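# An overview of the molecular structure
Here is how the chains run, residue by residue.
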Amino acid sequence: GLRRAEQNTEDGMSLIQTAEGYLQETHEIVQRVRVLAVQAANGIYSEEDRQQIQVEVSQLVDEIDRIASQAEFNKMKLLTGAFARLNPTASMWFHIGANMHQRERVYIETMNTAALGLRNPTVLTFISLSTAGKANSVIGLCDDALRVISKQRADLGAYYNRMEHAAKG
Amino acid sequence: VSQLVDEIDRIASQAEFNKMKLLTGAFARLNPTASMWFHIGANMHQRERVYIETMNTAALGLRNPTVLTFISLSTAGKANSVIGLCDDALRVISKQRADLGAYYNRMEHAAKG
Amino acid sequence: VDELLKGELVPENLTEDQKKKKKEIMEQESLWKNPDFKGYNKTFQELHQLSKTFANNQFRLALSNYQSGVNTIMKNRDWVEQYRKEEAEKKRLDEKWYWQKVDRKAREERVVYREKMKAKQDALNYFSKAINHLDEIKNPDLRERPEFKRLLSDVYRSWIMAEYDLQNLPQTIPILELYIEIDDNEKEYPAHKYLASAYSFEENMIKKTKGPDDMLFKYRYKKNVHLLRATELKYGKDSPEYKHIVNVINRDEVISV
Amino acid sequence: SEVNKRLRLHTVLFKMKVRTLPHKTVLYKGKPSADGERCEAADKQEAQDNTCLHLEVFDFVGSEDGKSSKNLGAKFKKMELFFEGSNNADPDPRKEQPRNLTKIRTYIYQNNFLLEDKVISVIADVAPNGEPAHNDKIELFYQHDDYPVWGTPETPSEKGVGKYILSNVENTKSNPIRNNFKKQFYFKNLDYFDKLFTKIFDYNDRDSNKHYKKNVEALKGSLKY
Amino acid sequence: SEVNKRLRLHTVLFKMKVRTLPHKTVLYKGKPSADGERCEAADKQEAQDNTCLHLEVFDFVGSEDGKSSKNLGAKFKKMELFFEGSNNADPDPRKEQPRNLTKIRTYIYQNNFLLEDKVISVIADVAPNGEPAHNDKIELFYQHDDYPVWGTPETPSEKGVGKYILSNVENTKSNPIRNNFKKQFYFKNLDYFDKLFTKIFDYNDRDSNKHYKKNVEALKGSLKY
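Residues numbered from 1 in each chain as written, not as in the entry; some residues may be left out. Chains lettered and ligands numbered in written order. Part of a larger assembly, values for the part shown. Heavy atoms only, no water.

Per the PDB entry, chain D carries the name Bacterial flagellar sheath protein and comes from Leptospira biflexa.

In the annotation of the PDB entry, chain A is listed under the name Flagellin and assigned to Leptospira biflexa. Its UniProt record, at the heading Function (unreviewed entry), says of chain A: "Component of the core of the flagella." Its UniProt record gives chain A the following Sequence similarities (unreviewed entry) comment, quoted word for word: "Belongs to the bacterial flagellin family." (UniProt positions renumbered as here; feature names shortened; annotations may be inferred.)

Here's what the structure looks like:
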């Protein structure tokens, strides 16, 4: 039992490590937006120029959603909110022991454009940079967008260190 | 920290040998539910007592035994005071590790003798 | 009327019919006098939880935790008063610059702050243990006595005050609500003042984390209810203070036209 | 014994307001009940009509084993003092002539829950002063699990059961119960309650000093502006 | 309790038009319907013909878990005030004298779609003012899953089922249903609608002052030139 249970812990660490793998690319693309919003925040650009800045933002916000949709671990989507706490459709439990009541729950929250605040869950319109005034307000939003991604990676790293200790013991 | 404190409580309840829990405080000295004796002789009264103390997060002082609230590391003000509890935590761990070795050596020579 | 001066939940000790019942019961148990007996079935022994002696005992334990928890706060004030008294009495022979005073005075505050916050958690444990002694009494006849009403109010009163200093505002909501359901405690403004802050605290947490609007309104509603209720019990109705609060709530809440 | 005189000096608590209760201590004033069996706390605590001093000391079973919170025992020890004559007219309790004790009631309680062993031992002395050797007027009521009924006397055929005076018990060299009881229980319990009486009286005096300190301290604090 | 006496002051709402209403609050005035069971909304809300107040507060099942929009059910608690006699001749609602109450009707509704649970509770007090203790004149009507049908009186076999009066239930120490009913729900229910009735009037009364001030403000605009 203990030998097989310790094999389950490595299977669990495969889930958490793979789950954190996509969050780095999500972190990269948002940081690409954060500097771009600073570029359009100044008044030297016209509306024609800011349109071409928005063309890039069209793909970047789009590419964030495709990360959450196609993120899988053993044919199971993770970041789409299916394993969240408040409104879950399934619960992620890891059995890491040789007895019956020894299993822990791992929460993976929502990491789509709607969850981070870059999209409206009801209106379904995302942030745009085609205006100098709008771009000044996208810098603030992308900052809190990074905070949620950093917060989620903190928890995934937190569980992984705990799972590492449990396997050793 | 919440992950680390959770594991310690998980270890204490799940530390089991031959369907007997050990680190949950079952075999403590002050108020034990069971007393462990080992038969190291061929006669009637050759028995020596064994003590395994409580090693849950409540006993270590990480969490309050009543309110079940553990240490706070979200503020630098109480982060400094967290270190002092860690010194007390490992010392209690260190004391029991020597006790397990001390009982082990007492048994080891008895097997030799 | 002092309920605590009684020193007991109820003084437990007549009829010849009852007296004859007592004599025959005591002799039945005296023949079965087995002081070392311990029943394998707990159900019959659990009936002792309904006795007056059991309730007369759990009252003492909660009171002892309450009285000991009082001394923790009381001794803390004496220490701080003596501490700042000694600071100004001892001579400062190495003090000739203005910014020497600012740092030294600021050092005392951190010393005092550690003393108070250490006292609160030390006192809070006594208050939390007092609650568990009162909630385990299973005699509804003895739960309505004046002594129980006074202590349960005093334990809750000190528990909420101590918990407030530790910034554990959301944990005071269940205790505060149970406090306003006893005697005339609903007629006191301090009890409704904390509820205004505690529900405001929970209101911000849902607002800060961007939660559902449903929980926001529930905490917003209960905030305005006890904000206006506390205003009524201190300055009186139709007071100048009361009128201003209504205007504040007027913009805060939702109205329909 | 020379302890009853110390008890007669505790008449200053009738007109003294007590709020600083020491640990495991309950004190109040009241009036004698029917036949003086017990006492009832008066509605007014500052009235001169009170002639009783009920001092209660908390205790527990299982605190020595650390299992007090597990609901495994119940006991407490308390005493009642009865005075005679109305108190002085002046409302100041600081000056108060000593008042003699009408009778002394000692209430010792013990109740185990698991063993279902309930023992009540009430000792009443009705001649506190005047007679150093007053064993004939010290009722010793022992009750074990409602046996016998309250107030039942003791017959010579079945000794040791019910309320009996101290003059009934033997005091031979083989079984000196009289000298055994005084050294073991009575003398220890008298000084324990008498000293606790002095602590309560002085503790509330200190609170007056603190209230004195609070007023004077604030008066000189306005010299900074 | 004297609470229902304070409810008499709420007759000012008849001649005052209602514009400011809190969220999820419904209020209107009308005439009693057949049998005096409920109120019928009048086509005109300012005529003296109206003798009743209707006040409704509705909520949603699932608002305690953030799932109000999930459509888990519906609920509402509403109370009405029945008045006797006609209104005063002058149309001014500021000056109105307190008037007696014919009856106070309390209506509780709560339906859960998923559990298919429906609870309808009706409470009518036909003697609001006149006697402090009028328990036998308080009609209770409990319905559960459409059983029993409306108007069915209580039977001795099914106690508490169907329409019955408050005096039917006991007030014993074992099951103090009546005493708890006053302390738990009835006292709080009356006060909740008492403050709400004052809340609605003061909001609409305040708007009268503002429009007087608005006309003053626009006139001061001519002082600049």
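There is more to say, and it comes next.
Of regular secondary structure, chain A possesses 3 helices and 4 strands. Helices and strands appear in chain A in the N-to-C order α-α-β-β-β-β-α. Its C-alpha radius of gyration of 20 Å places chain A more than 25% over the 15 Å reference for a compact globule of 169 residues. Principal axes of the C-alpha set define a box for chain A whose edges measure 70 × 30 × 20 Å. Residue burial in chain A is summarised as follows: out of 169 residues, 37% are buried. Here the analysis covers contacts within chain A between residues at least 6 apart in sequence; of these, 70% occur between residues at least 24 apart. Accessible surface, chain A as shown: approximately 9,500 Å² in total, 50% of it carbon and sulfur. (Helix = DSSP H or I, 4+ residues; strand = E, 2+ residues; numbered from the N terminus. Rg over C-alpha atoms; globule rule 2.2 N^0.38 Å. Buried < 20%, exposed > 50% of the residue type's maximum accessible area, 1.4 Å probe, protein only. Contact = heavy atoms within 4.5 Å. Areas by Shrake-Rupley, 256 points an atom, 1.4 Å probe, with all protein chains shown as cover.)

Right, let's get into the overall build of chain D. Across its full length, chain D holds 2 helices and 9 strands. Ordered by position from N to C terminus, the α and β elements of chain D give α-β-β-β-β-β-β-β-β-β-α. Burial status across chain D gives 44% buried among its 225 residues. Residue pairs in contact within chain D that sit at least 24 positions apart in sequence constitute 56% of those at least 6 positions apart. One finds the centroid of the 38 positive side-chain charges in chain D at a distance of 7 Å from the centroid of its 33 negative side-chain charges. (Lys, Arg positive; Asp, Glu negative; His and termini not counted. Charge placed at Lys NZ, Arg CZ, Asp CG, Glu CD.)

The partner chain D presents 34 residues to the 29 residues of chain C that form the contact. Of the roughly 2,800 Å² buried between chain C and chain D on both sides combined, carbon and sulfur atoms contribute 52%. A per-residue breakdown of the area chain C buries against chain D is headed by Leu5, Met26 and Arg60 of chain C, which together make up 21% of the total. Remark: the boundary between chain C and chain D carries 6 salt bridges. Ionic pairing is found between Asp146 of chain D and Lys22 of chain C, a salt bridge with its closest N-O pair at 3.7 Å. (Buried area = accessible area lost by both parts, 1.4 Å probe. Salt bridge = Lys/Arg side-chain N within 4 Å of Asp/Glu carboxyl O.)

Before going further, it helps to examine the environment of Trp150 of chain D. All names here are of chain D. In this fold, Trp150 is placed in the loop between strand 8 (138-144) and strand 9 (162-165). Under the relative-accessibility criterion, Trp150 is labelled partly exposed at 38%. If sequence neighbours within four positions are ignored, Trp150 has contacts with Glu37, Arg105, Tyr107, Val122, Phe141 and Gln143.

We now examine the nonpolar core. Ranked by internal contacts, the top residues of the largest apolar core, which has 49 residues, are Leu9, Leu134, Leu151, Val155, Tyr156 and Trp159 of chain C. Looking at this core, the element that brings in the most residues is helix 6 (residues 146-165) of chain C, giving 8 residues. Apart from residues no more than four positions distant in its own chain, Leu134 of chain C is found in contact with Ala62, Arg143, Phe148, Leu151, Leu152 and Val155 of chain C. Listed in part, the 44 residues of the second largest apolar core include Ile16, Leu60, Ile64 and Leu116 of chain A. (Core = buried A, V, L, I, M, F, W, Y, C linked by side-chain atoms within 4.5 Å.)

Let us now look at the pattern of salt bridges. Applying the stated criterion across every chain yields a total of 61 salt bridges over all chains. The salt bridge involving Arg34 of chain A is made with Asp143 of chain A; its shortest N-O contact spans 2.4 Å. With a gap of 109 residues between them, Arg34 of chain A in helix 1 (residues 2-40) and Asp143 of chain A in helix 3 (residues 132-168) connect regions that are remote in the sequence. Overall, the relative accessible area of 28% leaves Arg34 of chain A in the partly exposed class. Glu7 of chain B is the salt-bridge partner of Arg10 of chain B, the closest N and O atoms lying 2.4 Å from each other.

Residue and element names in this part refer to chain A. Orientation of helix 1 relative to helix 2 (residues 47-70), taken along the N-to-C sense of each, is 165°, at an axis distance of 10 Å. When the axis of helix 1 is compared with that of helix 2, the two are roughly antiparallel. Between helix 1 and helix 2 the crossing geometry is left-handed. Every residue of helix 2 that contacts helix 1 at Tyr22, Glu25, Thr26, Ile29, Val30, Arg32, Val33, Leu36, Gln39 and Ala40 is listed here: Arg50, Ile53, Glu56, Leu60, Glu63, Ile64 and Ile67. A per-class count over the contact of helix 1 with helix 2 returns 10 nonpolar, 2 polar and 5 charged. (Axes fitted to C-alpha atoms, helices over the stretch in contact; angles between N-to-C directions. Parallel < 35°, antiparallel > 145°, perpendicular 65-115°, else oblique. Left-handed = near helix turned anticlockwise from the far one by under 90°. Nonpolar A, V, L, I, M, F, W, Y, C, P; charged D, E, K, R; others polar.)

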